[PDB]
Amino acid sequence: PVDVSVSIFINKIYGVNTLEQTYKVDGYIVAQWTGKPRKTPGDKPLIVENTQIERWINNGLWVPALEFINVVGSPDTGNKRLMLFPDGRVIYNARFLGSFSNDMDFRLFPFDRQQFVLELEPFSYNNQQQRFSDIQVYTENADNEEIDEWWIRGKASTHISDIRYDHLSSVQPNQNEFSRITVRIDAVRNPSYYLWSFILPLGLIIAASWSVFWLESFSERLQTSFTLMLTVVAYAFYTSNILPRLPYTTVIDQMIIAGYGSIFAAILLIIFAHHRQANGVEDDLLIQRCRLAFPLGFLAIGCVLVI
Amino acid sequence: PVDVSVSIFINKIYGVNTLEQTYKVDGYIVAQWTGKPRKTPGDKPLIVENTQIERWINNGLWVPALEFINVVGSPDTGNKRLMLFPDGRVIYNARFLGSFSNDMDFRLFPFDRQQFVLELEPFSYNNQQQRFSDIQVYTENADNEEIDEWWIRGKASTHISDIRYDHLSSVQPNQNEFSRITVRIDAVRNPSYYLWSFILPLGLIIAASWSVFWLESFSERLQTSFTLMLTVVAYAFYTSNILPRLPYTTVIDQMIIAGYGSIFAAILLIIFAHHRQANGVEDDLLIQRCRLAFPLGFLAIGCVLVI
Amino acid sequence: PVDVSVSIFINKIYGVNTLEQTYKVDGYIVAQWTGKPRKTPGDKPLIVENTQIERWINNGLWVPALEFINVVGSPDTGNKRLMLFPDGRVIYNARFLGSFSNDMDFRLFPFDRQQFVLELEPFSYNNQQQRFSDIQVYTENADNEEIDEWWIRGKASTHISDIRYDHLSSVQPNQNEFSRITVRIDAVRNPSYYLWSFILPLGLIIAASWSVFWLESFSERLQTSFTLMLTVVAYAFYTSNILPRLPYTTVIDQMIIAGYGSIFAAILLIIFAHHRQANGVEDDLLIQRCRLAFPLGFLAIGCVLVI
Amino acid sequence: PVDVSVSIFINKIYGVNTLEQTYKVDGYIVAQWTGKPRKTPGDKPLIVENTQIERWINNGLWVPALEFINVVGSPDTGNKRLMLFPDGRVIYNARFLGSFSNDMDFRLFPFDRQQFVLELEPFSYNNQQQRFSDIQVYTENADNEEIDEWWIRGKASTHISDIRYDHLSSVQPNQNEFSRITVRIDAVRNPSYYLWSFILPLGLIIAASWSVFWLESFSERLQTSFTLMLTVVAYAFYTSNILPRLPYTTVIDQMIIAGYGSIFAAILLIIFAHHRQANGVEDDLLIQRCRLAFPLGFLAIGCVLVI
Amino acid sequence: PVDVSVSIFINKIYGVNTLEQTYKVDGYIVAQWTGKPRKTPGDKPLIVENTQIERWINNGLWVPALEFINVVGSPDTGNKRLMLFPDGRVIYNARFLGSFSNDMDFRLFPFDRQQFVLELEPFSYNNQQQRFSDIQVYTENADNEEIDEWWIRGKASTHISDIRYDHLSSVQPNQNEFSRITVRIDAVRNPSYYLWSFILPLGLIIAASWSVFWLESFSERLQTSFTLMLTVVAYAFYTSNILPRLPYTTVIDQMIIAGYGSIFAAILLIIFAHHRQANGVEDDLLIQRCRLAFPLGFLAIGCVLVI
């Protein structure tokens, strides 16, 4: 059971893919273990650089393949180095950029918060053959968050576990568990742009829609209702052209639907108010009371919506 | 006739491209067979990792090439391993990400349901030379479907078959059959987003369009009809900018066309009512009757559509 | 002069790029010739798979390079095999996916019809050194055309030709000709989507635009004309955001221009009728006349255009 | 100083990237020089194909690296061949597809005209070590200009020069010169599409905007002005969504700004006419003057700006 | 401590990605150091080209791997050469294209100013093993800035520093410092396009929106306000579809929000004027006053909001 100590440096996380639930991570990976002692040039450690590494494998060196479980396709392995010590220690250091997978819930967008995970596991060697001892994940402070799309909330959380693959061969008695490293980094989306350039104008438009009941004529009210409908449609289009593709309704989508329904209920109430009573009465109490009740009814419906 | 037992682990299915009829599949592939026995270091099984694999082949090891039939270009094979047992067993294990093709019908979108298929076949060796014994496909449960784009409905269906290529050589007596593994996985699209953010606003706009006959003046009616047409145009624009490119009409496209035809028929009826009777009679009976005859008749039209 | 018999299996054609005039083609390529006999294990033919291929070339085996002339960049070569027969026969079989070029005229879109071409030619060896004997192009029937964007109409047309590169050396007497295989596949675009969601709504919008002359007042007519102009603009925008990039006007672009001109001529005719006569006359007869002359006149203009 | 004669075949130029000032070039490159004589298999010249080339380099063959200076990243080198003659001649032939950069000015778009340049230079050897003797550039006729986006004006123009890199070491006396081949191909953009589907509808919209002064009432004029503003806005959006991204104002952008300013000046003139006279006399005389003075000053500006 | 002198030639900077804070840089990298003398053919230095370089490493040539710190994934290594001198000097020259990251603040867009940085560092060798001696950064003048997207303001600033990695082993006394080269290039964005086609039309639209108070009727004012709102919505749509994605509000976004607020305050003031005094007195004094307070107050608040 070989003891392996790892350390993963994280340079950047970016490239959010909402539909595919992937994210790009660039950083470093260090893995250290202890092998048979060896003679080096002098007693100083030996340095082996990318191509030369393969040579040592062809001559019998054991370098285990550590696979990113949650990765998406072969990542872009940058420079890689082996440091070989005379006492047998071996250190594998590699720059890596890769697309990783994780369950991501975007329903509370733009106020969502996610957690980027990394999953390391030996590809061929089990835990009875090769064991994980140490994890250390370092994230740069970068406290000037205002510029970045995402805000990291705390340093990385680690988790070593043992994964049991049930569905395997039947001649292998007990060598079916593997040592898996899982790294989690919580982060929150910066909603400033969506607050100011999406939410605030939408609320202003809906308030303007409420301002329809201050028209004197019925024809004016009903005709302007369609201008309001078209306004909401154009705004929803601008929205959808900017916002990311998704298979569920975002919060902004819900505000859009709320504006649609408010205008629809306004049209219904306008028609009803004009054609309610007898003796050619428009029920002036209904119109001039709705002129202030409609904002409060909608605000109560929205405070119930946030639940 | 070599008996090969395979096992395909499916990690993720995503990236549907509607125009190309492709979908990306990331997972593992395992293949086991029995060859001539071999001496290993001790009687313990030997493990060979990516680069060294090629070396063993150059010294005479026979590793057959298994091609994904329905694949699109060279897939991205990640880490790969050979496990060699002293009794002759050989196991090939490889991580793979690839884009696959299949007939996909999106006419009932966004309520469509598809089936992702995989087709494995030996590239050069026929069925009289190399045979498939077992198929085993494992899919993760992933029971929090509400977030995922597609909902897997059931376990995978497998089928070993014999494929016969007619157009071949003329010296080949009986070596013209191949062993093909076929895996099918049914799936259904999540229609929530298109129901709430597309279907509901489209229907609400169509109802608001119906509300034109409740106008008193004729000029108001005809002038407002054009604002309604422009609303439907902007809505169809927003729709088409979001929805996937396709060569046929989706259900939503049909609803857009239905809104167009509804407004056009409304304009025709408005003109008819204004100039049906003599001496400039409005024919208010027609206007009042269609005020509620358009909804029932159009729902009947859509019902005869759906069936 | 080596006789080479080829066979090209065409699995799928897709991914047309209008601006680049490229299209993606995935299939197989087979090339067969007869060489000096060779010793195999037994008298059964020998099979060589991807990597080992290079070894055989390095030991003196002659494998000619066949270049796709009309391809765009290095294609994605999948699995490849060499079949070596004891009598000297050699068969090269390779899976290939590539982007190919051909002159493509999209003026009649969405009613255009194109033909996908493939051009094979030996890269270095001339016709006095290497000759093409047979071509056979196989495409699966796939008679369920309704799903696919393009409809293949008949089997591929083949043509062996000899191409003479003029600009060559001046000491070379006659070794300047090459054997080129040309494959052509005619196909027609499925216009259903563009028929129903583009052409039909456009005609409906243009007829509704003509319906402006049924307004009683002049001011109503002129004010509504601008709502119609904006409607056409929004429609052209929807179109252009959806339709493929091109450097020339499609049929749909001309229909957009036709709607533009119809609305503009309508505005011109409205002003003319308002100010045709002296003493504040409206020339209502002109409005009544154009009310039906615009359908007839514009459809006569469209039918003269379609000749 | 070795004399090297090259030959560049140009198959296609496409894929202009406006922001990056890049263009895709697909063609062939041939380079010939004369070396020490050599023994061939038989007395006929020997042909070496892609993979074998590297082997021949390891055995002492001198093949200089010729770099495309203005290229962007590693181009896609397809098949490459060495033709070795017994008299010592060496010919390197390779298919190449690459993205190239050059100063491109798009200010007069869609009436712009550009020139595609290619820049070849030996990577390691100077002019005293390796010299360019001949250039021969072959460009396809492509006389079906109506379909192609760009019109080539003439065959390629070439220019060999010697480049001196100032910023270098101080021990190198005069070996700081390199032989650079420069190929230039002038071309003019076909403006038909942008003329008919962009310029003409925009001018028609602006003329309709001029038609505001023929409204009788003041309220009609001022209220219609805002729908006209909205029309220009929607058109400008359609424009910018189709037209290529750029860091400067195109001619079409200038026409958009001209329409905007025309509508704004129209609003100014409308309000001025309404309140130029005391007691708010409408001053219809000003409207009757400006209705045909405004297009006059506009088209005067349109002819002036051309200078 | 090996002294290494570098030289970085910068060919082009482009491809700014606002969300990822990356930019593509193409140029050359030169590295010079002095090793033990060597026998060459003659006294002229020996030149080694790309592939052969790798061979020389397997036979014992020491070429240190220098990594770009701020790069994103393996850069696109073009041609590379080794020049070996008899006096012991060794020079590595390589063409490179890569994606680089740096803190980039786009808040003052379109007047933003950024700085493109490059960070060079040895991958495996520390400063006691390998040191940087000289920096020389050469940038082409390119003084025709008007065409290019970005304008470089001054020549590059260079800086050698020593970077200390804390998290390392604990037996290593002082081998925790590395020699880092830092290159900074200030640059300013070309605002012409965003000035003329975005800022100026937006200001004209806002002034036109102010021109609503010159309407005589109350209904005219209130109904026209909604057309103005819709105009602002379409304009914001056009902007956001063209402008680059960002997580914060640009200056242009602030102007859009300001137009929104102007229209909303105009509606508020209209309603207030309609119901300011008893009996729904319209308060013509309020309209007179606001006709000049709204523009002047907007100028004052806009001048306040920038300091």
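Easy rule for this one: first residue shown is 1, then count along the chain.
Cβ from N, Cα, C; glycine included.
Per Swiss-Prot, the feature motif 'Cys-loop' maps to D:105-113.
Annotation source Swiss-Prot lists transmembrane segment at D:195-215 (among others).
Swiss-Prot lists D:216-223 with the feature topological domain 'Cytoplasmic'. Residue counts for the topological domain 'Cytoplasmic' (D:216-223) under DSSP, split into helix (H, G, I), strand (E, B) and coil, are 6 helix, 0 strand, 2 coil.
What Swiss-Prot lists as transmembrane segment is D:224-244 (among others), and the listing cites sequence analysis.
Outside the topological domain 'Periplasmic' (D:245-254) by six or more residues, the chain places 18-19, 106-111, 194, 198-199, 202, 239, 305 with a CB less than 8 A from a CB of the stretch. Feature annotation from Swiss-Prot assigns topological domain 'Periplasmic' to D:245-254.
Annotated transmembrane segment per Swiss-Prot: D:255-275 (among others), in sequence order.
Tertiary neighbourhood of the transmembrane segment (D:195-215): same-chain residues 110, 221, 224-225, 228, 231-232, 235, 239, 242-243, 252, 255-256, 258-259, 262-263, 266, 270, 287, 290-291, 294-295, 298, selected by CB-CB distance under 8 Å and a gap of 6+ residues from either end. DSSP labels the residues of the topological domain 'Periplasmic' (D:245-254) in these numbers: 4 helix, 0 strand, 6 coil. Remote same-chain residues near the topological domain 'Cytoplasmic' (D:216-223) are listed as 267, 270-271, 274, 282 (criterion: CB distance under 8 Å, separation of at least six residues from the stretch ends).
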